[PDB]
Peer 1: 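Take this structure, written in structure tokens, and hold onto it; I'll ask about it next.
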Amino acid sequence: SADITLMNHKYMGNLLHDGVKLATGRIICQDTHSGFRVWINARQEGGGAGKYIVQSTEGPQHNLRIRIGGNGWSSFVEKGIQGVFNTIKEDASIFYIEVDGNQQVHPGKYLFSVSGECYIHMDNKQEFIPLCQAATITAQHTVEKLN
Amino acid sequence: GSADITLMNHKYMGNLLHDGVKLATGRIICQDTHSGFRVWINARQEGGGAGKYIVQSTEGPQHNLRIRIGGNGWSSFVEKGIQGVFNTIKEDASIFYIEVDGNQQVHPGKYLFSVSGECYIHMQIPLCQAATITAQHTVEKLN
């Protein structure tokens with residue numbers, strides 16, 4: 001079961017090169033895992049689907065195209081398997097929200113939503129199944145003496 | 001999508017435990033959309049067949065109790081790679097039993113049953129609400 005954080009990165013200017021970091025994220029999992037999986041909660045451009053698109057709110061309403069970035073993160077190219085993956089067995093991983101393609105982005109307020117989990121690689125894929133604490137309970141049974 | 005699991009112990013007289021006797025009654029709930037349930041015991045395994053288990057008395061491993069998960073509708077995979085028992089119940093709740101596995105003269109004592117479970121989505125996935133977080137970013141120009 002993962003803990004995820006996302007921290008805005010302030011930036012002056014709107015001629016944004018591809019790769020420019022707009023937020024810094026971290027995912028943590030204490031339990032044993034094969035790696036991490038993170039994704040953006042946003043509509044994708046025309047299917048595609050296309051690049052993650054975020055529309056500004058509470059003011060001018062324009063579009064910004066974003067992706068997850070950072071060393072170690074990989075995306076599966078055959079459609080069907082959403083998000084980015086890494087193979088870090090360590091407990092913590094950094095990722096970024098980055099500008100996806102050179103963009104002159106209109107001034108405004110843009111909300112990034114991301115989700116994430118750790119996964120445990122499975123033979124008989126299956127592939128990578130997510131990793132959460134199962135509900136658990138105990139009961140004690142007494143076997144009585146013979147007498 | 002976390003399950004809620006209860007386990008009710010049943011009292012019996014004496015230490016001759018016949019195969020199939022229900023030592024505990026379990027119930028597993030999943031209030032969200034799911035294809036079925038999966039349940040297992042956190043105990044060592046005899047590897048006899050499937051879902052079978054060996055529980056030690058609270059005093060230590062010098063005394064064993066052999067048990068299995070039972071109940072209509074529950075299945076286990078024949079290969080060791082996937083553990084526990086599964087069903088294909090889409091309803092909120094599923095009932096299972098911890099049963100005596102084979103006729104046994106059991107050493108008097110206390111035996112702790114630890115049971116875990118999850119609701120799954122058929123797609124070898126468990127239902128785990130992924131952690132989620134937002135941050136707001138302002139785009140602005142100098143002038």
Side-chain angles (χ1 to χ4, degrees), chain A residues 122 129-130 132 134-143, chain B residues 1-3 5-10 12 14-30 32-43 45 47-51 53-55 57-58 63-79 81-106 109 111-120 122-128:
Chain A
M122 228 82 76
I129 304 99
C132 57
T136 304
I137 194 74
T138 67
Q140 185 177 84
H141 180 82
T142 296
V143 179
Chain B
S2 204
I5 191 167
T6 60
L7 191 58
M8 174 58 188
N9 176 62
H10 299 123
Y12 299 97
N15 74 330
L16 297 192
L17 279 63
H18 200 277
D19 179 83
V21 167
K22 302 175 185 191
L23 299 177
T25 290
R27 197 189 280 279
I28 178 141
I29 298 169
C30 187
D32 302 335
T33 307
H34 62 276
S35 304
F37 302 82
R38 179 193 193 181
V39 165
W40 59 97
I41 302 175
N42 307 295
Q45 292 192 252
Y53 300 94
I54 314 168
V55 165
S57 75
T58 295
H63 307 125
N64 314 313
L65 170 65
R66 300 170 182 266
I67 57 170
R68 65 168 179 258
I69 309 156
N72 273 26
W74 293 102
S75 282
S76 309
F77 289 93
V78 306
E79 296 309 321
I82 302 180
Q83 287 301 124
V85 297
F86 297 70
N87 72 26
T88 53
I89 295 179
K90 289 172 163 180
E91 284 76 20
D92 282 28
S94 275
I95 311 139
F96 61 96
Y97 307 98
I98 306 316
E99 298 175 1
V100 179
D101 193 22
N103 301 346
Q104 285 169 78
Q105 177 179 10
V106 186
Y111 299 84
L112 191 59
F113 307 145
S114 174
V115 179
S116 286
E118 66 198 16
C119 43
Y120 73 84
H122 175 266
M123 295 272 86
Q124 136 165 14
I125 55 159
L127 279 169
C128 314

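Values reported hereafter were calculated over all heavy atoms of this structure, with side chains retained and with hydrogens, waters and symmetry mates removed. Just so we're on the same page: letters track the sequence lines, and every chain starts at 1.
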Peer 1: Testing the basics here: between B:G117 and B:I5, what is the closest heavy-atom pair and its distance to 0.1 Å?
Peer 2: N-CD1, 4.3 Å

Peer 1: How far apart are the closest heavy atoms of B:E99 and B:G70, and which atoms are they?
Peer 2: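 Closest heavy-atom pair between B:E99 and B:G70: OE2-CA, 3.8 Å.
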
Peer 1: Within the structure provided, determine whether B:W74 and B:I89 are in side-chain contact (heavy-atom separation under 4.5 Å).
Peer 2: no

Peer 1: Using a 4.5 Å cut-off on heavy atoms from C-beta on, say whether the side chain of B:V100 contacts that of B:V106.
Peer 2: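 They are not in side-chain contact.
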
Peer 1: Below 30° counts as parallel, above 60° as perpendicular, anything between as tilted: where do the rings of B:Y12 and A:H141 land?
Peer 2: tilted

Peer 1: Using the side chain to side chain donor-acceptor pair (under 3.5 Å) criterion, which residues pair with B:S75? Sequence neighbours excluded.
Peer 2: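 Once residues adjacent in sequence are excluded, B:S75 has no partner under the side chain to side chain donor-acceptor pair (under 3.5 Å) criterion.
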
Peer 1: Rounded to the nearest 0.5 Å, how far apart are CD1 of B:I28 and CD1 of B:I95?
Peer 2: 12.0 Å

Peer 1: For B:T88, does its backbone N or O pair with a side-chain atom of B:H34 as donor and acceptor, under 3.5 Å?
Peer 2: no

Peer 1: Is there a side-chain contact between B:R38 and B:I82, using heavy atoms and a 4.5 Å cut-off?
Peer 2: yes

Peer 1: Tell me, do B:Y97 and B:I67 make a side-chain contact under 4.5 Å, heavy atoms counted?
Peer 2: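 SC-SC contact between B:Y97 and B:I67 ruled out.
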
Peer 1: Which atoms form the tightest heavy-atom contact between B:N87 and B:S94, and what is the distance?
Peer 2: ND2-OG, 2.9 Å

Peer 1: Nearest 0.5 angstrom please: B:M8 CE to B:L23 CG, how far?
Peer 2: 12.5 Å

Peer 1: So, taking the atom named CG in B:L7 and the one named CZ in B:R27, what distance separates them when rounded to the nearest 0.5 Å?
Peer 2: 12.5 Å

Peer 1: Looking only at non-hydrogen atoms, find the nearest pair between B:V39 and B:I69 and report the distance.
Peer 2: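 Shortest heavy-atom contact: O-CD1, 3.8 Å.
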
Peer 1: Run through B:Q104, B:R66, B:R68 and flag the one making a side-chain hydrogen bond (donor to acceptor under 3.5 Å, both in side chains) with B:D19.
Peer 2: B:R68

Peer 1: Shortest non-hydrogen contact from B:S76 to B:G84?
Peer 2: OG-O, 3.5 Å

Peer 1: Are side-chain heavy atoms of B:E118 and B:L127 found at a separation under 4.5 Å?
Peer 2: no

Peer 1: Do B:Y120 and B:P126 make a side-chain contact, defined as non-hydrogen atoms from C-beta onward lying under 4.5 Å apart?
Peer 2: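 SC-SC contact between B:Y120 and B:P126 ruled out.
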
Peer 1: Under the rule for side chain to side chain contact (heavy atoms under 4.5 Å, CB included), what residues qualify as partners of A:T138, not counting sequence neighbours?
Peer 2: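 Testing A:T138 for side chain to side chain contact (heavy atoms under 4.5 Å, CB included), a comparison that skips the adjacent residues, returns B:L112, B:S114.
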
Peer 1: Please step through side chain to side chain contact (heavy atoms under 4.5 Å, CB included) for the pair B:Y111 and B:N9, ending with a clear verdict.
Peer 2: CA-CA 11 Å; B:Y111 299 84; B:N9 176 62; over 6 Å; no

Peer 1: At what distance, to the nearest 0.5 angstrom, does CD1 of B:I98 lie from NZ of B:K22?
Peer 2: 11.5 Å

Peer 1: What pair of heavy atoms forms the shortest contact from B:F113 to B:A24, and how long is it?
Peer 2: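 Scanning both residues completely, I find the closest heavy atoms to be CD1-CB, 4.2 Å.
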
Peer 1: Before we go on, tell me: are the rings of B:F86 and B:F77 under 6.0 Å apart, centre to centre?
Peer 2: yes

